[PDB]
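> A single structure is presented below for examination.
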Protein chains: 2
Amino acid sequence: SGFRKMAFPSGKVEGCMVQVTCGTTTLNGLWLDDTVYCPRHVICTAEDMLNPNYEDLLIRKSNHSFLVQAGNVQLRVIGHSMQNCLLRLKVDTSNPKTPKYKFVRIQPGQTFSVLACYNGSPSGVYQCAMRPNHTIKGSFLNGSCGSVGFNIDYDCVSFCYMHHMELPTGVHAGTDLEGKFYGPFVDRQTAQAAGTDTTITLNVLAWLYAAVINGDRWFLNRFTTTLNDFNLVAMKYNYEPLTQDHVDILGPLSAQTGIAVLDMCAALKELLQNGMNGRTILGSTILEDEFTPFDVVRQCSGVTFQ
Amino acid sequence: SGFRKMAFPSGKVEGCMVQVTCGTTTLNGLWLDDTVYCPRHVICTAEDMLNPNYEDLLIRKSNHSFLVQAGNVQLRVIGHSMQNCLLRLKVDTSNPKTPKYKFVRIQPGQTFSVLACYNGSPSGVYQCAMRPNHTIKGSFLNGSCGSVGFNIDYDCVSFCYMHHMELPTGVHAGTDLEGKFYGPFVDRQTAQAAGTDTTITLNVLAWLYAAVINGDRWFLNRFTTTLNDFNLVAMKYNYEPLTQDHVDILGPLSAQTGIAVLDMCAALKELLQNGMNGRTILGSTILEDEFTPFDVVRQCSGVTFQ
Ligand SMILES: *[C@@H](CC(=O)OCC)[C@H](C[C@@H]1CCNC1=O)NC(=O)[C@H](Cc1ccccc1)NC(=O)OC(C)(C)C
Ligand SMILES: *[C@@H](CC(=O)OCC)[C@H](C[C@@H]1CCNC1=O)NC(=O)[C@H](Cc1ccccc1)NC(=O)OC(C)(C)C
């Protein structure tokens, strides 16, 4: 029993973290096989960030403009290319600790583990959701650029995020491992701001299922709703509209608890309208939206506490 | 910026997890040098748990009564002893991935990372506090016994918890790595229940400091309090009494924010009495008590956002 924000074990990723230096700028990089990935802004000074031309900045560098350090060992750079907002540095050595891996672009609402790193040294690990507005509510200080986000399935690491910047509201933005930003953000100094965010309806519903599987039914009611009537309420409280696809995704959790999705929606509609009347759900006084249906199935018992 | 429940990177611990089988019972064990640690209840059947005599159960076993599997490799047991509520199994091979390590008994209020494991295979990682009542609010299913809790300082792993059981309220109990239980619990089937718990005052105060360092001052006030007057309020709301030692511990956070401890206490007293008036602190609508002053210094900037 219990329910916690749980990250994937971080060891396969720790063995891939290195330090990348260009001039006086140091950040983190990711070393797989004979390649090191890092944010391209490693080539900028502070004044560069105000109007950088990356093609122009990069052509001015040689292979030996870059130092890469893995633990106490210097790797020698033998090639370099830009790919969108990342650099791909080729090095003299293949990483002996390279795990089976893939590069994946995750979708808003999905979750992943972040390994916070400084000077190529991992310091901590926590679970984040990709928000509808394409930011994450992370925890990052100076030196954290190039920290990665990932999921693990079987023994394969699916890398999905590399960290690049902080926005004025204190939330975080970055790219996938092809160097393409999540959201409309750019790696240069502008007046960019996070767009208005929304609550992830599917996840809140998944988490209510988790609460039932764990033994709590206090918030259920005798009612049902149509998809359309639910959404009118959803719009008023700044929740994402629920779709038939979201309804089908919740199929297995529905089957395990014997609670129809539209009946769970009626329960959520009542919580939105009346509040929680001083009560908690899985330890929480608010409606949680950072666990997916996959996260709930991974963590909860396959047997409901009836 | 940001503030998250952050666990230590788990890799050094993943390389120490093995599977231990006795008869039809399988659980996790911890392999350091040439020794494997695991809960002694691995030697019981279900009916045994109702009245087990462990000395009597153990003398009936040989070295080869135990199988230990590390990945795909069988380790051969060449000796065994009981130590309080753990078994210490000696094996044919020293763990090549043994990190620098210590065994430490943590104190109530302190935090650690848990690596949830099943069949010797790590599945997830999250941060817990040792509660005043000597339980943790973990997340554990069948097969999780022998999962460990730990902290990391520099490159040394300080092991502090091994998991043994779940209590009727759904919280968790276990031992240090000498096999001594945290709390008055025993590894046999009784009517044992978690004692009444208390909120960890020092941690709530640390977390308010974290909120100031991160840039928020909304909950401060013009008042001060004496230690004794604070505690009268503390008792009414089921918070631990604050001591001069707790006041001295908060010295560095106080210095970094320019907020005297007793002034922060007056702020907390007002929050207890008036609630939060619909507002949040570091994203939270309630007062959080699972971050220590050490946790705040580790995660937050050393420079206050004034
Ligand atoms: C990674 C690199 C770094 O630390 O540079 C300092 C010498 C930075 C990580 C940031 C820092 C605090 N949290 C966090 O997530 N990223 C940055 O500093 C970016 C660089 C950048 C500037 C302009 C456009 C894109 C990227 N800057 C940044 O995040 O701005 C602040 C912190 C001022 C809001
Ligand atoms: C580890 C061993 C196990 O899974 O045995 C099942 C064949 C168990 C971990 C528990 C299970 C659910 N969550 C969790 O933390 N521990 C136990 O099953 C203990 C064994 C025990 C019994 C009596 C006294 C001490 C230890 N039993 C247990 O936790 O009881 C329940 C789950 C019924 C409350």
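Residue numbering restarts at 1 for every chain of the structure tokens, chains are lettered A, B, ... in their displayed order, and ligands are numbered from 1 as they appear.
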Could you give me, as a PyMOL selection string, every polymer residue with an atom at most 8 Å away from an atom of ligand 2, counting only C-alpha atoms and all ligand atoms?

(chain A and resi 1) or (chain B and resi 25-27+41-42+46+49-50+139-146+163-168+170-173+186-190)

> Tell me, as a list in words, which residues lie within 10 Å of residue 83 in chain B, counting only C-alpha atoms; anything in the same chain fewer than 4 positions away does not count.

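The residues satisfying every condition are residues 37, 39, 40, 87, 88, 177, 178, 179 and 180 of chain B.
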
> Generate the output file for the selected residues, N, CA and C atoms, as a PDB file, in the first residue's frame.


```
ATOM      1  N   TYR B  37      22.899  -9.150   3.228  1.00  0.00           N
ATOM      2  CA  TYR B  37      21.967  -8.852   4.320  1.00  0.00           C
ATOM      3  C   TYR B  37      20.517  -8.994   3.848  1.00  0.00           C
ATOM      4  N   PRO B  39      16.093  -9.638   5.482  1.00  0.00           N
ATOM      5  CA  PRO B  39      15.225  -9.878   6.642  1.00  0.00           C
ATOM      6  C   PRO B  39      15.210 -11.344   7.045  1.00  0.00           C
ATOM      7  N   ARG B  40      15.220 -11.595   8.345  1.00  0.00           N
ATOM      8  CA  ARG B  40      15.328 -12.968   8.813  1.00  0.00           C
ATOM      9  C   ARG B  40      14.033 -13.707   8.566  1.00  0.00           C
ATOM     10  N   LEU B  87      19.428 -11.529   8.664  1.00  0.00           N
ATOM     11  CA  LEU B  87      20.450 -12.537   8.395  1.00  0.00           C
ATOM     12  C   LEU B  87      21.665 -11.930   7.678  1.00  0.00           C
ATOM     13  N   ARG B  88      22.846 -12.434   8.032  1.00  0.00           N
ATOM     14  CA  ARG B  88      24.099 -12.096   7.368  1.00  0.00           C
ATOM     15  C   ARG B  88      24.619 -13.361   6.680  1.00  0.00           C
ATOM     16  N   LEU B 177      20.638  -1.438   9.566  1.00  0.00           N
ATOM     17  CA  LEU B 177      21.390  -2.479   8.906  1.00  0.00           C
ATOM     18  C   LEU B 177      22.152  -3.308   9.924  1.00  0.00           C
ATOM     19  N   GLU B 178      21.938  -3.011  11.197  1.00  0.00           N
ATOM     20  CA  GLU B 178      22.309  -3.956  12.247  1.00  0.00           C
ATOM     21  C   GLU B 178      21.125  -4.847  12.637  1.00  0.00           C
ATOM     22  N   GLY B 179      19.966  -4.639  12.017  1.00  0.00           N
ATOM     23  CA  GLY B 179      18.818  -5.508  12.272  1.00  0.00           C
ATOM     24  C   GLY B 179      17.941  -5.098  13.424  1.00  0.00           C
ATOM     25  N   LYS B 180      18.170  -3.905  13.960  1.00  0.00           N
ATOM     26  CA  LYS B 180      17.364  -3.396  15.046  1.00  0.00           C
ATOM     27  C   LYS B 180      16.203  -2.574  14.488  1.00  0.00           C
TER      28      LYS B 180
END
```

> Enumerate as a PDB file with N, CA, C and O atoms, in the first residue's frame the residues belonging to chain B that approach chain A to within 6 Å, with only C-alpha atoms taken into account.


```pdb
ATOM      1  N   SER B   1      15.790  27.733  -9.619  1.00  0.00           N
ATOM      2  CA  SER B   1      14.575  27.857  -8.771  1.00  0.00           C
ATOM      3  C   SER B   1      13.750  26.528  -8.798  1.00  0.00           C
ATOM      4  O   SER B   1      14.105  25.573  -9.485  1.00  0.00           O
ATOM      5  N   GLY B   2      12.663  26.468  -8.036  1.00  0.00           N
ATOM      6  CA  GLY B   2      11.856  25.249  -7.906  1.00  0.00           C
ATOM      7  C   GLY B   2      12.169  24.559  -6.580  1.00  0.00           C
ATOM      8  O   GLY B   2      13.183  24.847  -5.935  1.00  0.00           O
ATOM      9  N   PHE B   3      11.284  23.670  -6.146  1.00  0.00           N
ATOM     10  CA  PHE B   3      11.528  22.882  -4.943  1.00  0.00           C
ATOM     11  C   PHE B   3      10.746  21.595  -5.018  1.00  0.00           C
ATOM     12  O   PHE B   3       9.517  21.619  -5.170  1.00  0.00           O
ATOM     13  N   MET B   6      13.374  15.352  -3.583  1.00  0.00           N
ATOM     14  CA  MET B   6      14.426  14.852  -4.408  1.00  0.00           C
ATOM     15  C   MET B   6      15.142  13.716  -3.658  1.00  0.00           C
ATOM     16  O   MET B   6      15.579  13.907  -2.504  1.00  0.00           O
ATOM     17  N   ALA B   7      15.286  12.572  -4.323  1.00  0.00           N
ATOM     18  CA  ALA B   7      16.045  11.463  -3.821  1.00  0.00           C
ATOM     19  C   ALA B   7      17.495  11.530  -4.317  1.00  0.00           C
ATOM     20  O   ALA B   7      17.781  12.221  -5.300  1.00  0.00           O
ATOM     21  N   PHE B   8      18.397  10.818  -3.643  1.00  0.00           N
ATOM     22  CA  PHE B   8      19.772  10.647  -4.109  1.00  0.00           C
ATOM     23  C   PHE B   8      19.802   9.746  -5.341  1.00  0.00           C
ATOM     24  O   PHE B   8      18.971   8.855  -5.464  1.00  0.00           O
ATOM     25  N   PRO B   9      20.744   9.995  -6.280  1.00  0.00           N
ATOM     26  CA  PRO B   9      20.911   9.102  -7.420  1.00  0.00           C
ATOM     27  C   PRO B   9      21.128   7.679  -6.879  1.00  0.00           C
ATOM     28  O   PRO B   9      21.843   7.516  -5.893  1.00  0.00           O
ATOM     29  N   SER B  10      20.495   6.683  -7.501  1.00  0.00           N
ATOM     30  CA  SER B  10      20.370   5.333  -6.934  1.00  0.00           C
ATOM     31  C   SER B  10      21.389   4.283  -7.417  1.00  0.00           C
ATOM     32  O   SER B  10      21.425   3.160  -6.889  1.00  0.00           O
ATOM     33  N   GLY B  11      22.202   4.636  -8.414  1.00  0.00           N
ATOM     34  CA  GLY B  11      23.125   3.665  -9.043  1.00  0.00           C
ATOM     35  C   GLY B  11      24.065   2.871  -8.139  1.00  0.00           C
ATOM     36  O   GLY B  11      24.231   1.653  -8.313  1.00  0.00           O
ATOM     37  N   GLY B 124      11.988   1.468  -8.404  1.00  0.00           N
ATOM     38  CA  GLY B 124      11.738   2.918  -8.279  1.00  0.00           C
ATOM     39  C   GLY B 124      12.415   3.541  -7.101  1.00  0.00           C
ATOM     40  O   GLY B 124      12.905   2.839  -6.218  1.00  0.00           O
ATOM     41  N   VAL B 125      12.421   4.871  -7.059  1.00  0.00           N
ATOM     42  CA  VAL B 125      13.131   5.565  -5.988  1.00  0.00           C
ATOM     43  C   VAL B 125      12.356   6.813  -5.544  1.00  0.00           C
ATOM     44  O   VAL B 125      11.812   7.550  -6.374  1.00  0.00           O
ATOM     45  N   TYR B 126      12.247   7.007  -4.231  1.00  0.00           N
ATOM     46  CA  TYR B 126      11.527   8.161  -3.687  1.00  0.00           C
ATOM     47  C   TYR B 126      12.065   8.488  -2.315  1.00  0.00           C
ATOM     48  O   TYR B 126      12.691   7.654  -1.672  1.00  0.00           O
ATOM     49  N   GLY B 138       5.693   4.921   3.089  1.00  0.00           N
ATOM     50  CA  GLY B 138       6.303   4.484   1.859  1.00  0.00           C
ATOM     51  C   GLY B 138       5.289   4.058   0.818  1.00  0.00           C
ATOM     52  O   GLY B 138       4.065   4.370   0.909  1.00  0.00           O
ATOM     53  N   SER B 139       5.797   3.335  -0.174  1.00  0.00           N
ATOM     54  CA  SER B 139       4.965   2.740  -1.204  1.00  0.00           C
ATOM     55  C   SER B 139       5.574   1.378  -1.576  1.00  0.00           C
ATOM     56  O   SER B 139       6.609   1.296  -2.272  1.00  0.00           O
ATOM     57  N   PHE B 140       4.927   0.332  -1.103  1.00  0.00           N
ATOM     58  CA  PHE B 140       5.492  -1.026  -1.110  1.00  0.00           C
ATOM     59  C   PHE B 140       4.398  -2.047  -1.348  1.00  0.00           C
ATOM     60  O   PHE B 140       3.321  -1.961  -0.724  1.00  0.00           O
ATOM     61  N   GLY B 170      -1.446   1.241   6.736  1.00  0.00           N
ATOM     62  CA  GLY B 170      -0.851   1.350   5.406  1.00  0.00           C
ATOM     63  C   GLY B 170       0.515   2.022   5.373  1.00  0.00           C
ATOM     64  O   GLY B 170       1.016   2.281   4.294  1.00  0.00           O
TER      65      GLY B 170
END
```

> Using Å and a single decimal, report how far CA of residue 238 in chain B sits from CA of residue 108 in chain B.

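Computing the Euclidean distance for CA of residue 108 in chain B and CA of residue 238 in chain B yields 15.8 Å.
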
> Figure out the distance between CA of residue 19 in chain B and CA of residue 119 in chain B, please, to one decimal in Å.

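Computing the Euclidean distance for CA of residue 119 in chain B and CA of residue 19 in chain B yields 5.4 Å.
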
> Could you tell me, as a PyMOL selection string, which residues of range 76-198 of chain B DSSP assigns to strand (DSSP E or B) when given the backbone?

chain B and resi 77-83+86-91+100-103+111-118+121-129+136+148-153+156-166+172-175+181

> What's the 9 Å shell around residue 133 in chain A, counting only C-alpha atoms, without same-chain residues fewer than 4 positions away, as a ChimeraX atom specification?

/A:108,183,194-198

> How about saving the chosen residues, C-alpha atoms kept, as a short mmCIF file (atom, residue, chain, number, x, y, z; two decimals), in the first residue's frame?


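As written to disk, again20.cif reads:
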```
data_model
loop_
_atom_site.label_atom_id
_atom_site.label_comp_id
_atom_site.auth_asym_id
_atom_site.auth_seq_id
_atom_site.Cartn_x
_atom_site.Cartn_y
_atom_site.Cartn_z
CA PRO A 108 2.15 16.83 -22.85
CA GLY A 183 6.96 24.49 -26.60
CA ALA A 194 5.21 30.24 -20.11
CA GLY A 195 1.72 30.30 -21.67
CA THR A 196 -1.27 29.81 -19.36
CA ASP A 197 -1.37 26.23 -18.10
CA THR A 198 -4.20 23.73 -17.64
#
```

> Pick out the residues sitting within 12 Å of residue 216 in chain B, and hand them over as a list in words; count only C-alpha atoms, and ignore anything fewer than 2 positions along from it in its own chain.

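Answer for this query is residues 170 of chain A; 1, 2, 207, 208, 209, 210, 211, 212, 213, 214, 218, 219, 220, 257, 279, 280, 281, 282, 283, 304, 305 and 306 of chain B.
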
> Next, dump the selected residues to file, keeping only C-alpha atoms, as a PDB file, in the first residue's frame.


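Writing the result to result_19.pdb gives the following:
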```pdb
ATOM      1  CA  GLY A 170      10.467  29.745 -12.136  1.00  0.00           C
TER       2      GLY A 170
ATOM      3  CA  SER B   1      14.575  27.857  -8.771  1.00  0.00           C
ATOM      4  CA  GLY B   2      11.856  25.249  -7.906  1.00  0.00           C
ATOM      5  CA  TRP B 207      10.676  24.585   4.505  1.00  0.00           C
ATOM      6  CA  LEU B 208       9.417  28.105   5.271  1.00  0.00           C
ATOM      7  CA  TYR B 209      13.050  29.235   5.021  1.00  0.00           C
ATOM      8  CA  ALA B 210      13.254  27.465   1.644  1.00  0.00           C
ATOM      9  CA  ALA B 211      10.154  29.416   0.510  1.00  0.00           C
ATOM     10  CA  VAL B 212      11.860  32.757   1.515  1.00  0.00           C
ATOM     11  CA  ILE B 213      15.160  31.763  -0.209  1.00  0.00           C
ATOM     12  CA  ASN B 214      13.094  31.006  -3.345  1.00  0.00           C
ATOM     13  CA  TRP B 218       3.718  36.464   2.025  1.00  0.00           C
ATOM     14  CA  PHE B 219       3.308  34.544   5.335  1.00  0.00           C
ATOM     15  CA  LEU B 220       5.782  36.585   7.460  1.00  0.00           C
ATOM     16  CA  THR B 257      17.440  35.059   4.851  1.00  0.00           C
ATOM     17  CA  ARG B 279      -2.701  30.635  -0.790  1.00  0.00           C
ATOM     18  CA  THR B 280       0.220  28.284  -1.422  1.00  0.00           C
ATOM     19  CA  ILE B 281       3.812  28.058  -0.225  1.00  0.00           C
ATOM     20  CA  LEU B 282       6.229  26.504  -2.727  1.00  0.00           C
ATOM     21  CA  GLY B 283       3.244  25.096  -4.697  1.00  0.00           C
ATOM     22  CA  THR B 304      18.406  34.444  -1.480  1.00  0.00           C
ATOM     23  CA  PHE B 305      16.061  35.948  -4.086  1.00  0.00           C
ATOM     24  CA  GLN B 306      15.607  39.225  -2.179  1.00  0.00           C
TER      25      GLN B 306
END
```

> I'd like the contact shell of residue 159 in chain A - 7 Å cut-off, only C-alpha atoms, skipping same-chain residues fewer than 4 positions apart - returned as an NGL selection string.

:A and (102-104 or 149-151 or 177)

> Write out as a ChimeraX atom specification each polymer residue whose atoms come within 9 Å of residue 63 in chain A, counting only C-alpha atoms; drop sequence neighbours fewer than 2 positions from it.

/A:61,65-67,76-80,89-90

> Please dump the current selection as a compact mmCIF listing (two decimals), in the first residue's frame; keep C-alpha atoms.


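The resulting file, out_20.txt, is reproduced below:
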```txt
# COMPACT_ATOMS: atom_id res chain seq x y z
CA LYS A 61 35.42 26.39 -33.14
CA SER A 65 37.92 24.01 -28.59
CA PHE A 66 35.90 21.45 -26.57
CA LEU A 67 36.97 19.57 -23.43
CA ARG A 76 39.32 13.71 -26.83
CA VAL A 77 36.86 15.34 -29.24
CA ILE A 78 37.41 14.16 -32.83
CA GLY A 79 34.33 15.68 -34.53
CA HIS A 80 31.37 18.00 -33.92
CA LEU A 89 30.47 15.83 -30.11
CA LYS A 90 32.28 12.77 -31.42
```

> Would you compute the distance between CA of residue 242 in chain B and CA of residue 217 in chain B? Give it in Å to one decimal.

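Separation between CA of residue 242 in chain B and CA of residue 217 in chain B: 22.1 Å.
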
> Considering only C-alpha atoms and all ligand atoms, can you say which of A:247, A:296, A:130, A:44 comes closest to ligand 1?

A:44

> So, with only C-alpha atoms and all ligand atoms as the atoms that count, which of A:223, A:112, A:31, A:118 lies closest to ligand 1?

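Using only C-alpha atoms and all ligand atoms, ligand 1 sits closest to A:118.
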